[PDB]
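In what follows, a structure is listed as structure tokens, so that the remarks can point back to it.
Basis: the model, the stated rules and, where named, an outside source; no laboratory instrument gave them. With ideal geometry, Cβ positions are generated from the backbone for all residues, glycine too; neighbour counts draw on all protein chains shown.
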Amino acid sequence: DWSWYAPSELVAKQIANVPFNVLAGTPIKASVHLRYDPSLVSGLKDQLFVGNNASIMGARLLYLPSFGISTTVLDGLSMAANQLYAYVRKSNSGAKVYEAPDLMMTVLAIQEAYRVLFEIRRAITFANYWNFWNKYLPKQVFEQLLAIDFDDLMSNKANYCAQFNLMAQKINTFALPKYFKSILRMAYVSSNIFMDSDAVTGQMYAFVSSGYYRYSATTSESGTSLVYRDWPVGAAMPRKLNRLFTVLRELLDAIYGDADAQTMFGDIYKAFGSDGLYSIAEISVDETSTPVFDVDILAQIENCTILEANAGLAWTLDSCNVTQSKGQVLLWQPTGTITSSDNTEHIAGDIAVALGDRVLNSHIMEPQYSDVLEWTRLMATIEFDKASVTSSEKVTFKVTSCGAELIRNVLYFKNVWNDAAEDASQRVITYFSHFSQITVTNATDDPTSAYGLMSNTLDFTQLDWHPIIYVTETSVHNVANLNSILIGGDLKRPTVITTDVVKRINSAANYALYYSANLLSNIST
Amino acid sequence: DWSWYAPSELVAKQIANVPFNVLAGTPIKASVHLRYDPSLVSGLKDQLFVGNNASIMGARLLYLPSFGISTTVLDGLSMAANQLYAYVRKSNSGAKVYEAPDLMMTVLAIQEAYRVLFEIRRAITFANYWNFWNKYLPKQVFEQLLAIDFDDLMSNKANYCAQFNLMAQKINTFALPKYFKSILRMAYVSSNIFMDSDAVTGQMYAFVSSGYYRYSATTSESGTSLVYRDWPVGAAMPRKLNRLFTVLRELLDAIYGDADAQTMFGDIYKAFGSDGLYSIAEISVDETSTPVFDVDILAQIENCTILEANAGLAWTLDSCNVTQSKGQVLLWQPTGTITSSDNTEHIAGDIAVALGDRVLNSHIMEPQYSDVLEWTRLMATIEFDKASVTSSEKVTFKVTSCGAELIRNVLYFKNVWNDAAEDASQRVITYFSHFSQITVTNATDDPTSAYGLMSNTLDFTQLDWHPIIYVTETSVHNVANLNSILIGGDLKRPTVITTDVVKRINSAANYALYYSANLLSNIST
Amino acid sequence: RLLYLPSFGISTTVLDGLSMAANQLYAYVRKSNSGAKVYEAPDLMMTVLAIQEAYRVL
Amino acid sequence: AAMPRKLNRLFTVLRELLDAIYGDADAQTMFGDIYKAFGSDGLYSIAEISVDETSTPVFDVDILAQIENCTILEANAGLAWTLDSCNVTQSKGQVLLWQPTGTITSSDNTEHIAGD
Amino acid sequence: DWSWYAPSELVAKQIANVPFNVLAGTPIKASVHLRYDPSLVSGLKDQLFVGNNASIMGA
Amino acid sequence: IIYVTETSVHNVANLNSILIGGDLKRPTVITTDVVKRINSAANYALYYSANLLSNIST
Amino acid sequence: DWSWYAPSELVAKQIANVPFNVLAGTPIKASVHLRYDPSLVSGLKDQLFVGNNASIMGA
């Protein structure tokens, strides 16, 4: 009780008055006094350390759009493709024109097209959110969290809005059944920005597609297929919007160039009414959305799994395309390669990592199956291909399973200050810091040593709900002479899931995203 | 929305109902698969690391009872003394038989006596709390968080329970006025155990006195005074109540040993009355108290200041007594010393550390003057003596100001498990990790190097609301070539307070605690 | 006599307020305007202040 | 405290000021963009002065307070003060700059500080 | 009839609202691109002529 | 407020400090840093526009 | 008018909050930074003066 430290209320209202005028992006000039013997310390000069780091801005979740590891006809896509082509032939008659996969493929292409368009919606809808208290916001966030040239967007807010609504109308002419619960997902995921707390001065997370998908018509060998090219994103130039459109252009030029294409849409319309197709609402220069505080989404994160488990290493990713088997089964399963940050070709003396049996943390005492399902699929599993490996080789791996979005890497930003510096543009640098999910005791934020695995700058704790950090300890450091692992993260009601269990659930969850039981249940004689 | 990922009301409840079969205390069997070349790594058995540490139990806040740094005829505490004294002598016809402090001294003696009795009550009360989901609770918590021999208490509870009730009745016949706001604090602090979440599985903090205060009219020429003897506590031998009562007996039989003090007791009943005095309540046959979820207390924690800023060093603490010179001024100002882990006498090439201008974090967006005052005083300021030092010197320091508690050192604990039981009582070890408030980039949890400053065993993040960790970075590591400091901890709405601004608040806060005057414009019994 | 030097608030950063304010204003103007980028944020802000200071004399 | 100036000079400078703002084709093209987005009355307007108008000294307490508390740059007239770099510039089309700097010397050696 | 060239009540107000940001007196920055052979023309700097005269005031 | 400095000599405490001048009533002290922080804000407030971005006019 | 230096009331209530916790008789630790040439000044040692006089009690 505060009443304890003051006589009358009125008197208290006067002795604790402290200003919280230290805006978001400004530096936290906190000080630590020091005392040592100058002749025994390498080069440290003063004996007073004034801070110059602002509270962390937030974190960028670079994800790979996913349909859920697909290897058998049982998996998500293949199944949906099935009931879909059905519902369509249902209303049609006569000669066959296109195979089932070739159709379903087209649909996805359209979905992934909207993915891009949506991130663009996000881009504009948020171009006007300003909240005095947080200087990061307006701009900075776009630059780092979304990877979008704010100045360019702000300066052309008019034309960009228009070019958008144009898209919305033009894409509306590309059939797409509004029943696919998967849409609702990606839509929500890349349409907002989430807060780690009900406070604006708090840090915030954002999801960002690391790429897109164009349709690649039946060449001569590979039957029709869906190609994936990378967003040139991670630590490069913070892309202007004209690049996001010029890509969408390319994206539909693909979906459209297929001889069968059009006649497909028609057949689709004949199946579901205009009321059965998705379409986004147009927006005005004034539309402004707000950061949101979704507990569930945070939880999804805290639990998730980072593919690039430790930024100290060099990661790769191939075979991300979506093909169709000789027997009409839709296939997708990304494979990658883990190598050392020095000899980009070998692994040498470094150690590859991926977690199997992982933790699951509930922020509710009595959790329930319902909450489990939701708080999961954001976490995935990686399996190594080879039994064991050599210093001269590469570490090969397949992705056994995962959720709707595959978390590739995660970066948290904060700008460091330095008033009085030559170039004005550089008195405030917005530096990033890699977030590694798996690490080791006695690790340093310098790749250089520690078997190739770096630790995380303790900054990260600023992110309430940050994903679980798993630290490995040699039998040496452990009090039980046996080596195990230490857990990091705000635990409340934790529990463990098997690599096997996770596989199960995702292999299932995704199936749901692309299926509707209601669909083939009301068709009469 | 989970409805999305559920293809059937059933199929969901079917593979989502995962178990939360991990009772807090059992090991978190999380696993990390990893691949390397056995030829280039200094001995590492398998390529699969099974977890083995349990969620952290909680943390022990070893604090030194404080009256507010006071060294002046005006530094509050003395003011308060004159204040009280006046009210007693007020309508009393006898003759000056003891000066202001002489009295005040006596009272505090009684207060501190209770601070023990209370921790004792707490011990007996909590021996009845058991929860099927926290195997730490009953036992382990006592031994580590409160430092009380459980096995000993269990064997002789009834006797201790009855003994407590007897002491209570004795204490309730000692002249301590029920109006001292300070009491209510100390009582609440050493009566409960606080959770860091509304969940029982979560971790929990506890406050524990680092010692006690004896009354003695022989120890210093200037007059009656209170001496502080260290609780032999710093992770030595987890003490039994047997010892805890024996010390209280010493304490009270000591207050009773001064003819003067008794003559005072009298003067008090004369001016306060039967019920103008404090009274601690006995304990029923059923009584059992519960861990509390007080947010304000957590806040105090997060914000507090740890004296022993980094367990990688060796700390001292003397002159903790409270004296009085020239019959009108009270004195107390603890002083300590800082040396390296090797030469308990020199400081050598290690670096002394204390924080000045610090951070203040609110978990509420709109902090009110009220919330400030409360979340404050738990944080204190330490100032070095000489401006510079030699490896052959010691690094001396005083305490500028602090709250009513003053956190000395902090340790958190977890269980580490062992399948291969070479014994039986050796297969579940309870180990501790030191928590350092100030550290440096690239520090290790090994006392070994890092200029004598340890980093924190990363699992500390399990304590949502842990104290702010201030990490310093050499201008080298910094992206701004200027050295500063990094902040760690769940920040939401932060701000900064000045060394001086902080002193000023406690100077006030503490004064408020022992403030009486408000019983001088109106008289009772 | 209080001889004062008109101030805009010590500013030397891409964030020191005054610049923020500039971007702010600029956005609202360019907002529903179909023309093409003919001047950056400051270029504008600069003009405005000029007008302001003119008044300080008038 | 040089020569107590006449209005003659004060207008001539305003004329310079506005004819200067008008001299930038770019600036005008801006004026336009503004009316486009603010409107007839979205703009500031200073009022003319009537035949009778006469204003009075005011007793604003808040202003006095500001005074009492303020900070004088030239903290002590016993010295000699300077002040340069008062302009407001902009580098790399997105940041505004202004930070006045000065110098402090003795009343004798306008160049050194000597024993002051 | 403009209704014709407007696909949306919005998209129109979106890219048609051009500014009439040229106050009579300011210069009409109209431009004429042009290509020639520098060898056969008596000195002509660039190949882009930016306008520079304002609308006529009066007579 | 006139701030007058006294040499440890003139001081009754052999430690040098400063004397305060001006009709004080209810005083208090602000930090160099605490002051900067306020104007950094105050000034920003002056030229703050955004509050005309969640709603449009004419 | 204070309304001038803040957007919403609520936001202001947060940026000016200053404590007046400097009790009567305590010292007014106000500081004056200094800069001179040590070799030309009799005996003054530091270049920073922290106050230590409380507000006058009375007369």
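Values as computed for the structure displayed
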read-out: Single residue of the range B:440-472 satisfying the filter (more than 28 Å from B:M57 (Cβ to Cβ) and touching a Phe, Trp or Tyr at 6+ places or on another chain (Cβ under 8 Å)) that is nearest to the other protein chains (Cβ to nearest Cβ); value: B:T472
read-out: Residue satisfying all of: in the range E:3-22; β-branched (V, I, T) and closer than 16 Å to C:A36 by Cα; surrounded by the fewest Cβ atoms within 10 Å (Cβ to Cβ) among these; value: E:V18
read-out: Residue count, the range A:333-375 (criterion: closer than 17 Å to A:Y470 by Cβ, not basic (K, R) and not in a loop (DSSP other than H, G, I, E, B)); value: 8
read-out: Matching residues, the range A:1-51, being under 17 Å from B:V395 (Cα atoms), of a type outside the set (D, E, K, R) and more than 37 Å from the chain's Cα centre (by Cα); value: A:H33, A:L34, A:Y36, A:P38, A:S39, A:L40, A:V41, A:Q47, A:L48
read-out: Residues located in the range A:499-525, provided they are of a type in the set (V, I, T) and at the interface with chain B (Cβ under 10 Å from one of its Cβ atoms); value: A:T499, A:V501, A:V502, A:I505
read-out: Boolean, B:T125 is within 19 Å of B:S182 (Cα to Cα), in contact (Cβ under 8 Å) with a residue 12 or more places away in the chain, away from chain A (no Cβ under 14 Å) and β-branched (V, I, T); value: no
read-out: Evaluation of B:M57 against (1) in contact with a helix residue (DSSP H, G or I) (Cβ under 7 Å, 6 or more places away or on another chain); (2) within 14 Å of chain A (Cβ to nearest Cβ); (3) farther than 22 Å from A:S362 by Cβ; (4) touching a residue at least 12 places away in the same chain (Cβ under 8 Å) (one fails), failing number; value: (3)
read-out: Whichever residue in the range B:377-401 is surrounded by 20 or more Cβ atoms within 10 Å (Cβ to Cβ) and touching a helix residue (DSSP H, G or I) at 6+ places or on another chain (Cβ under 6 Å) and, among such residues, is nearest to B:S319 (Cα to Cα); value: B:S401
read-out: Filter result (within 7 Å of chain B (Cβ to nearest Cβ), touching a strand residue (DSSP E or B) at 6+ places or on another chain (Cβ under 8 Å) and surrounded by 21 or more Cβ atoms within 10 Å (Cβ to Cβ)) within the range A:363-376; value: A:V372
read-out: Sole exception among (1) more than 12 Å from chain B (Cβ to nearest Cβ); (2) touching a helix residue (DSSP H, G or I) at 6+ places or on another chain (Cβ under 8 Å); (3) outside any helix (DSSP H, G or I) for A:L77, by number; value: (3)
read-out: Tally of residues being closer than 28 Å to A:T201 by Cβ and in contact with a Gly (Cβ under 9 Å, 6 or more places away or on another chain) across the range B:322-373; value: 4
read-out: Test for B:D464: is it acidic (D, E) and more than 18 Å from A:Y412 (Cα to Cα); value: yes
read-out: Cross-chain or 6+ apart pairs with Cβ under 8 Å, the range E:34-59 first and free of Cβ contacts under 8 Å to residues at least 12 places away in the same chain, then surrounded by 10 or more Cβ atoms within 10 Å (Cβ to Cβ) and hydrophobic (A, V, I, L, M, F, W, C); value: E:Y36/E:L44; E:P38/E:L44
read-out: Subset tally (residues that are within 7 Å of chain A (Cβ to nearest Cβ) and buried (at least 23 other Cβ atoms within 10 Å of the Cβ)) for the range B:473-487; value: 4
read-out: So A:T224, is it surrounded by fewer than 18 Cβ atoms within 10 Å (Cβ to Cβ), in the same structural domain as A:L330 (by CATH) and not charged (D, E, K, R); value: no
read-out: Residue identified as crowded, with 19+ Cβ neighbours inside 10 Å and either in contact with a helix residue (DSSP H, G or I) (Cβ under 8 Å, 6 or more places away or on another chain) or within 26 Å of A:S39 (Cα to Cα) (or both) among B:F413, B:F460; value: B:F413
read-out: Any hit, the range A:237-257, residues being more than 30 Å from A:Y98 (Cα to Cα), surrounded by fewer than 18 Cβ atoms within 10 Å (Cβ to Cβ) and of a type in the set (A, V, I, L, M); value: yes
read-out: Pick from the range A:6-28, criterion among the β-branched types (V, I, T), in a loop (DSSP other than H, G, I, E, B) and without any contact (Cβ under 8 Å) to a residue 60 or more places away in the chain, ranking: nearest to G:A24 (Cα to Cα); value: A:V18
read-out: Subset of the range C:7-46 that is more than 14 Å from chain F (Cβ to nearest Cβ) and of a type outside the set (A, V, I, L, M, F, W, C) - its residue that is farthest from A:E422 (Cα to Cα); value: C:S34
read-out: Condition check for A:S55: under 31 Å from the mean Cα position of the chain (by Cα), over 30 Å from A:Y98 (Cβ atoms) and hydroxyl-bearing (S, T, Y); value: yes
read-out: Qualifying positions in the range A:505-525 - in contact (Cβ under 8 Å) with a residue 60 or more places away in the chain, surrounded by fewer than 16 Cβ atoms within 10 Å (Cβ to Cβ) and outside any loop (DSSP other than H, G, I, E, B); value: A:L520
read-out: Residue match in the range A:58-66 (condition: part of a helix (DSSP H, G or I), farther than 30 Å from F:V34 by Cβ and among the polar types (S, T, N, Q)); value: no
read-out: Selection within the range B:147-176 - hydroxyl-bearing (S, T, Y) and free of Cβ contacts under 8 Å to residues at least 40 places away in the same chain; value: B:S155, B:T173
read-out: Only one of E:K29, E:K45 that is over 30 Å from A:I171 (Cα atoms) and within 14 Å of another protein chain (Cβ to nearest Cβ); value: E:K29
read-out: Extreme residue, farthest from A:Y514 (Cα to Cα), among residues of the range B:1-60 that are buried (at least 22 other Cβ atoms within 10 Å of the Cβ) and among the aromatic types (F, W, Y); value: B:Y36
read-out: Residue check, B:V107 within 32 Å of the chain's Cα centre (by Cα), within 8 Å of another protein chain (Cβ to nearest Cβ), within 30 Å of B:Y205 (Cα to Cα) and crowded, with 17+ Cβ neighbours inside 10 Å; value: no
read-out: The one condition in (1) crowded, with 20+ Cβ neighbours inside 10 Å; (2) of a type outside the set (S, T, Y); (3) not in a helix (DSSP H, G or I) that A:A299 fails to fulfil; value: (3)
read-out: Test for A:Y160: is it closer than 25 Å to A:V208 by Cβ, buried (at least 19 other Cβ atoms within 10 Å of the Cβ), within 14 Å of chain E (Cβ to nearest Cβ) and out of contact with any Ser or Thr (no Cβ under 8 Å at 6 or more places or on another chain); value: yes
